[PDB]
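What follows is the residue order along each chain.
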Amino acid sequence: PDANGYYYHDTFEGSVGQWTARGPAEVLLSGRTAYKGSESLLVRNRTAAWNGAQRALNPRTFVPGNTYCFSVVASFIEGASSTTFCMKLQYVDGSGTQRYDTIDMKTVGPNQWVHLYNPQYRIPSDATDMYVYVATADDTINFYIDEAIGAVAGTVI
Ligand SMILES: [Ca+2]
């Protein structure tokens, strides 16, 4: 928990951190557009809306039943006239069933960064094998994320 209450903070300025592809997509650093610095994380090769970018959450830091802050900014340049970005928690519940709970969602047009943000998100008490992820609702556009943050509940960004 750094000086600003962040547990992780991905600027994507030289490193993808713990971010990986969700589904058969691919993620990589890109200098084509950025929210801060000169880079962001590009997400491409998606073949279904559920494909995207994900990051495993360590249960020792993000304790189920506890409340935390999550933040990311996203944008796209082409492929659609608008999209709906979703930041979500993928997890396995107490019955062994994989669940998808929405943290934040925002609709936006091309060439505009949008702030996916929830300073008061409660992780379900029974969650295991957790991942925070970003995808869209119903398209397969390439998209970019930047400034990916996991923080203490109440953290203003
Ligand atoms: Ca950046």
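**A closer look at the overall build of the protein**
Across its full length, the protein holds zero helices and 11 strands. If you list the helices and strands of the protein from N to C, you get β-β-β-β-β-β-β-β-β-β-β. Over its C-alpha trace the protein gives a radius of gyration of 15 Å, about what one expects of a compact globule, namely 15 Å for 157 residues. Summarising its shape, the C-alpha atoms of the protein cover approximately 40 × 35 × 25 Å along the three principal directions. When burial is assessed residue by residue, the protein has 46% of its 157 residues classed as buried. Across the protein, every contact between residues at least 6 apart in sequence was considered, and the portion connecting residues at least 24 apart equals 74%. In the form shown here, the protein has an accessible surface area of approximately 7,200 Å², with 46% of it arising from carbon and sulfur atoms. Seen as two clouds, the 11 positive and the 15 negative side-chain charges of the protein have centres 3 Å apart.

**Digging into the pairing of strand β6 (residues 67–75)**
Within β6, eight of the nine residues are buried, leaving the element largely enclosed by the surrounding structure. Examined bridge by bridge, β6 and strand β9 (residues 114–122) share seven bridges and lie antiparallel to one another. The residue of β9 that forms the bridge with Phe70 is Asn118. In this sheet, strand β11 (residues 143–152) lies alongside β6 in antiparallel orientation, the contact comprising seven bridges. What sits directly across from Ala74, in β11, is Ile145.

**Considering the pattern of salt bridges**
One pass over the full model with this rule turns up five salt bridges. Linking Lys106 and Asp104 is a salt bridge whose minimum nitrogen-to-oxygen distance equals 3.3 Å. Residue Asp104 is classed as buried on the basis of its relative accessible area of 14%.

Calculation criteria
Residues numbered from 1 in each chain as written, not as in the entry; some residues may be left out. Heavy atoms only, no water. Helix = DSSP H or I, 4+ residues; strand = E, 2+ residues; numbered from the N terminus. Rg over C-alpha atoms; globule rule 2.2 N^0.38 Å. Buried < 20%, exposed > 50% of the residue type's maximum accessible area, 1.4 Å probe, protein only. Contact = heavy atoms within 4.5 Å. Areas by Shrake-Rupley, 256 points an atom, 1.4 Å probe, with all protein chains shown as cover. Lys, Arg positive; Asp, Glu negative; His and termini not counted. Charge placed at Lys NZ, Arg CZ, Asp CG, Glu CD. Pairing = 2+ DSSP bridges. Salt bridge = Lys/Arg side-chain N within 4 Å of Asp/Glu carboxyl O.

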